[PDB]
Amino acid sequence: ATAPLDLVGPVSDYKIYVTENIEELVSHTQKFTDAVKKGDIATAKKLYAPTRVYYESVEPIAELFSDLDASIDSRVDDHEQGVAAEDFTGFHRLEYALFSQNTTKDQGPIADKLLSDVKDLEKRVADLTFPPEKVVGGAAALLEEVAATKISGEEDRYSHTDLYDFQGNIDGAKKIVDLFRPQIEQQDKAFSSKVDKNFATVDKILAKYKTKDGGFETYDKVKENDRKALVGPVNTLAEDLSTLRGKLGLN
(Lines of atoms letter the chains of each structure in order from A and count residues from 1; the text may use other names and numbers.)
(Lines give C-alpha, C1' and ligand atoms only; values in the text may rest on other atoms or scores of the structure.)
Protein backbone atom coordinates (compact mmCIF):
# COMPACT_ATOMS: atom_id res chain seq x y z
CA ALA A 1 0.00 0.00 0.00
CA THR A 2 0.96 3.65 -0.50
CA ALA A 3 1.70 5.81 2.54
CA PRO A 4 -0.53 8.92 2.41
CA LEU A 5 2.49 11.15 3.01
CA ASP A 6 4.01 9.85 -0.25
CA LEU A 7 1.06 11.58 -1.96
CA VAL A 8 1.58 14.94 -0.25
CA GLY A 9 2.31 16.63 -3.57
CA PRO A 10 -1.03 16.03 -5.25
CA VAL A 11 -2.99 16.06 -1.96
CA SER A 12 -1.61 19.50 -1.03
CA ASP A 13 -2.32 20.84 -4.49
CA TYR A 14 -5.86 19.46 -4.26
CA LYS A 15 -6.46 21.12 -0.91
CA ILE A 16 -5.26 24.40 -2.46
CA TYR A 17 -7.72 23.86 -5.32
CA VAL A 18 -10.58 23.02 -2.96
CA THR A 19 -9.71 25.95 -0.69
CA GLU A 20 -9.73 28.42 -3.59
CA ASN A 21 -13.09 27.08 -4.77
CA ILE A 22 -14.47 27.34 -1.22
CA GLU A 23 -13.27 30.95 -0.90
CA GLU A 24 -15.17 31.69 -4.12
CA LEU A 25 -18.18 29.74 -2.88
CA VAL A 26 -18.31 31.86 0.29
CA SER A 27 -17.96 35.16 -1.54
CA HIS A 28 -20.57 34.19 -4.16
CA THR A 29 -22.94 32.75 -1.56
CA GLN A 30 -22.66 36.00 0.39
CA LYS A 31 -23.81 37.92 -2.69
CA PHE A 32 -26.48 35.34 -3.61
CA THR A 33 -28.02 35.24 -0.14
CA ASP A 34 -27.78 39.04 0.19
CA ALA A 35 -29.83 39.37 -3.00
CA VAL A 36 -32.46 36.99 -1.61
CA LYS A 37 -32.60 38.88 1.69
CA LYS A 38 -32.93 42.16 -0.21
CA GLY A 39 -35.76 40.84 -2.38
CA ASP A 40 -33.71 41.19 -5.58
CA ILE A 41 -34.99 38.18 -7.54
CA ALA A 42 -33.20 39.05 -10.80
CA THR A 43 -29.79 39.33 -9.13
CA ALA A 44 -30.37 36.19 -7.08
CA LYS A 45 -31.29 34.19 -10.19
CA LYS A 46 -28.20 35.43 -12.03
CA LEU A 47 -25.97 34.40 -9.12
CA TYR A 48 -27.56 30.97 -8.51
CA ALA A 49 -25.74 28.77 -10.99
CA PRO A 50 -22.30 30.47 -10.95
CA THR A 51 -22.29 30.18 -7.15
CA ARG A 52 -23.12 26.47 -7.28
CA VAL A 53 -20.25 25.70 -9.69
CA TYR A 54 -17.80 26.15 -6.82
CA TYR A 55 -19.68 23.64 -4.65
CA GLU A 56 -20.11 21.10 -7.46
CA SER A 57 -16.37 21.24 -8.23
CA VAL A 58 -15.41 20.16 -4.70
CA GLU A 59 -18.10 17.51 -4.02
CA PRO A 60 -15.51 14.81 -3.11
CA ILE A 61 -14.76 16.85 0.03
CA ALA A 62 -18.13 18.49 0.69
CA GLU A 63 -19.90 15.11 0.70
CA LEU A 64 -17.65 13.92 3.54
CA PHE A 65 -19.95 16.04 5.76
CA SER A 66 -23.18 14.15 5.16
CA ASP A 67 -25.64 16.24 7.19
CA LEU A 68 -24.07 19.55 6.14
CA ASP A 69 -24.16 18.54 2.46
CA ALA A 70 -27.84 17.66 2.83
CA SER A 71 -28.53 21.02 4.48
CA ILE A 72 -26.79 22.86 1.62
CA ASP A 73 -27.75 20.83 -1.43
CA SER A 74 -30.52 18.24 -1.02
CA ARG A 75 -33.06 17.89 -3.84
CA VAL A 76 -36.82 17.46 -3.74
CA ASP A 77 -36.05 13.80 -4.56
CA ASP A 78 -34.33 13.40 -1.20
CA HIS A 79 -37.45 14.20 0.87
CA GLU A 80 -40.45 11.98 1.53
CA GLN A 81 -42.52 15.17 1.93
CA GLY A 82 -41.21 16.69 -1.31
CA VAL A 83 -41.18 20.47 -1.69
CA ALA A 84 -43.13 20.81 1.59
CA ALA A 85 -40.46 19.17 3.78
CA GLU A 86 -39.27 21.43 6.59
CA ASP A 87 -35.79 19.90 6.14
CA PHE A 88 -35.68 20.89 2.43
CA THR A 89 -33.28 23.86 2.73
CA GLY A 90 -30.25 25.30 0.95
CA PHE A 91 -29.74 25.85 -2.77
CA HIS A 92 -32.62 23.84 -4.19
CA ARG A 93 -35.13 25.23 -1.70
CA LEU A 94 -34.16 28.72 -2.87
CA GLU A 95 -34.15 27.46 -6.48
CA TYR A 96 -37.83 26.61 -6.11
CA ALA A 97 -38.71 30.02 -4.65
CA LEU A 98 -36.70 31.99 -7.21
CA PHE A 99 -37.25 30.06 -10.44
CA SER A 100 -40.57 28.27 -10.01
CA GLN A 101 -42.40 30.71 -7.72
CA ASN A 102 -40.67 34.04 -8.60
CA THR A 103 -40.47 35.12 -4.96
CA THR A 104 -38.16 35.86 -2.05
CA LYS A 105 -41.02 35.97 0.50
CA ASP A 106 -39.94 34.29 3.76
CA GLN A 107 -36.71 33.15 2.08
CA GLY A 108 -34.50 35.33 4.29
CA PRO A 109 -33.95 32.70 6.98
CA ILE A 110 -33.29 30.00 4.37
CA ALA A 111 -30.69 32.26 2.75
CA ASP A 112 -29.12 33.01 6.15
CA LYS A 113 -28.92 29.30 6.96
CA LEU A 114 -27.26 28.60 3.60
CA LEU A 115 -24.61 31.26 4.22
CA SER A 116 -24.03 29.93 7.74
CA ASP A 117 -23.72 26.39 6.36
CA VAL A 118 -21.18 27.34 3.70
CA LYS A 119 -19.12 29.26 6.28
CA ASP A 120 -19.28 26.10 8.42
CA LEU A 121 -18.08 24.03 5.45
CA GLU A 122 -15.17 26.44 4.89
CA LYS A 123 -13.99 25.94 8.47
CA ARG A 124 -14.38 22.16 8.31
CA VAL A 125 -12.33 22.02 5.09
CA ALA A 126 -9.60 24.17 6.68
CA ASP A 127 -9.44 21.74 9.61
CA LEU A 128 -9.51 18.62 7.42
CA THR A 129 -6.61 16.29 6.78
CA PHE A 130 -7.50 15.29 3.22
CA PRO A 131 -7.48 11.48 2.86
CA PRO A 132 -5.90 10.65 -0.51
CA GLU A 133 -8.25 7.67 -0.86
CA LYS A 134 -11.26 10.01 -0.67
CA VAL A 135 -9.59 12.49 -3.03
CA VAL A 136 -8.68 9.81 -5.57
CA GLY A 137 -12.03 8.08 -5.10
CA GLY A 138 -13.66 11.46 -5.61
CA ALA A 139 -13.15 11.60 -9.37
CA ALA A 140 -15.13 8.38 -9.80
CA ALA A 141 -17.75 9.66 -7.35
CA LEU A 142 -18.14 12.83 -9.41
CA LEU A 143 -18.62 10.91 -12.64
CA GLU A 144 -21.15 8.58 -11.00
CA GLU A 145 -23.10 11.68 -9.92
CA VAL A 146 -23.00 13.01 -13.49
CA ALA A 147 -24.34 9.70 -14.80
CA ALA A 148 -27.08 9.54 -12.17
CA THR A 149 -28.55 13.05 -12.22
CA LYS A 150 -26.80 15.54 -14.50
CA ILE A 151 -27.01 13.89 -17.96
CA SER A 152 -30.77 13.60 -17.42
CA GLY A 153 -31.20 17.18 -16.18
CA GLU A 154 -32.51 16.11 -12.78
CA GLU A 155 -30.27 18.24 -10.57
CA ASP A 156 -31.95 21.65 -11.10
CA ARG A 157 -35.58 20.83 -11.77
CA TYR A 158 -36.71 24.49 -11.54
CA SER A 159 -33.85 26.59 -12.97
CA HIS A 160 -32.65 23.91 -15.44
CA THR A 161 -29.06 25.15 -14.93
CA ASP A 162 -27.83 21.54 -14.86
CA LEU A 163 -25.04 22.12 -17.38
CA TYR A 164 -23.24 24.47 -14.96
CA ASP A 165 -23.22 21.71 -12.34
CA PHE A 166 -22.33 19.04 -14.94
CA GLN A 167 -19.35 21.09 -16.13
CA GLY A 168 -18.31 21.74 -12.52
CA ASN A 169 -18.35 18.03 -11.68
CA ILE A 170 -16.34 17.22 -14.79
CA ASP A 171 -13.82 19.98 -14.09
CA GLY A 172 -13.46 18.83 -10.48
CA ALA A 173 -12.83 15.26 -11.61
CA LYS A 174 -10.38 16.25 -14.34
CA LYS A 175 -8.46 18.26 -11.74
CA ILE A 176 -8.02 15.18 -9.55
CA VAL A 177 -6.89 13.05 -12.50
CA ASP A 178 -4.44 15.75 -13.62
CA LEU A 179 -2.90 16.16 -10.15
CA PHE A 180 -2.27 12.40 -9.81
CA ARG A 181 -0.89 12.03 -13.35
CA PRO A 182 2.66 11.08 -12.21
CA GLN A 183 1.39 8.44 -9.79
CA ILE A 184 -0.95 7.01 -12.42
CA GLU A 185 1.91 6.98 -14.92
CA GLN A 186 4.09 4.90 -12.58
CA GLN A 187 1.54 2.05 -12.72
CA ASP A 188 -0.30 2.55 -16.03
CA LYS A 189 1.29 4.39 -18.98
CA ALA A 190 -1.93 4.42 -21.02
CA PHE A 191 -4.55 5.41 -18.42
CA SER A 192 -4.29 9.20 -18.50
CA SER A 193 -4.59 9.38 -22.28
CA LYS A 194 -7.54 6.96 -22.19
CA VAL A 195 -9.49 9.12 -19.76
CA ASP A 196 -8.31 12.38 -21.35
CA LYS A 197 -9.97 11.31 -24.62
CA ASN A 198 -13.32 10.67 -22.92
CA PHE A 199 -13.09 13.91 -20.92
CA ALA A 200 -12.42 15.71 -24.20
CA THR A 201 -15.50 14.08 -25.78
CA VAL A 202 -17.69 15.17 -22.85
CA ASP A 203 -16.18 18.67 -22.78
CA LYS A 204 -16.85 19.10 -26.51
CA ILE A 205 -20.55 18.24 -26.14
CA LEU A 206 -20.94 20.57 -23.15
CA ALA A 207 -19.18 23.37 -25.03
CA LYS A 208 -21.94 23.24 -27.68
CA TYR A 209 -24.14 24.94 -25.06
CA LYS A 210 -21.79 27.56 -23.61
CA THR A 211 -22.75 31.21 -23.98
CA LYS A 212 -20.55 34.19 -24.81
CA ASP A 213 -21.42 35.83 -21.47
CA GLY A 214 -19.65 32.95 -19.71
CA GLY A 215 -22.58 30.68 -18.89
CA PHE A 216 -24.65 27.81 -20.31
CA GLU A 217 -27.99 27.43 -22.04
CA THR A 218 -30.73 25.87 -19.97
CA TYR A 219 -31.02 22.08 -20.04
CA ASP A 220 -34.08 22.00 -22.32
CA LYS A 221 -31.81 23.20 -25.14
CA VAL A 222 -29.69 20.02 -25.01
CA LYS A 223 -30.49 17.90 -28.07
CA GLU A 224 -31.46 14.26 -27.58
CA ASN A 225 -28.51 13.16 -29.73
CA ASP A 226 -26.08 15.08 -27.51
CA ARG A 227 -27.67 13.65 -24.37
CA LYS A 228 -27.29 10.13 -25.79
CA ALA A 229 -23.70 10.83 -26.83
CA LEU A 230 -22.75 11.70 -23.24
CA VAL A 231 -23.90 8.42 -21.67
CA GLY A 232 -21.13 6.19 -23.02
CA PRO A 233 -18.08 8.35 -22.27
CA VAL A 234 -19.41 9.30 -18.82
CA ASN A 235 -19.91 5.63 -17.96
CA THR A 236 -16.47 4.66 -19.26
CA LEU A 237 -14.93 7.47 -17.20
CA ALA A 238 -16.77 6.31 -14.08
CA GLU A 239 -15.53 2.74 -14.61
CA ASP A 240 -11.93 3.78 -15.34
CA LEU A 241 -11.81 6.24 -12.46
CA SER A 242 -13.19 3.59 -10.09
CA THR A 243 -9.92 1.63 -10.46
CA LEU A 244 -7.63 4.41 -9.24
CA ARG A 245 -7.93 3.88 -5.47
CA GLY A 246 -6.65 0.33 -5.87
CA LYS A 247 -4.18 1.13 -8.65
CA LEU A 248 -2.52 3.83 -6.55
CA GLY A 249 -2.32 1.65 -3.43
CA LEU A 250 -5.03 3.36 -1.38
CA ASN A 251 -7.63 0.56 -1.06
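In this text, residue numbers run from 1 along the sequence as written.
- Of the two segments examined, 180-188 and 222-230, it is 222-230 that shows the higher average Cα temperature factor in the deposited entry.
- Looking at 56-64 and 196-204 together, the entry lists the larger mean B-factor for 196-204, computed on C-alpha atoms.
- The entry lists C-alpha B-factors for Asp171, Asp162, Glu95, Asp78, and the highest of these is at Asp78.
- Reading the B-factor column for the CA atoms of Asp73, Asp106, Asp87, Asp117 in the entry, the top value corresponds to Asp87.
- Per-chain ranking of the deposited C-alpha B factor places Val36 in the lowest third.
- Split the chain's modelled residues into thirds by C-alpha temperature factor. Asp127 is in the highest one.
- Per-chain ranking of the deposited C-alpha B factor places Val26 in the lowest third.
- The entry lists a Cα temperature factor for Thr149 that places it in the highest third of the chain's modelled residues.
- The PDB entry assigns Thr43 a C-alpha temperature factor belonging to the middle third of its chain's modelled residues.
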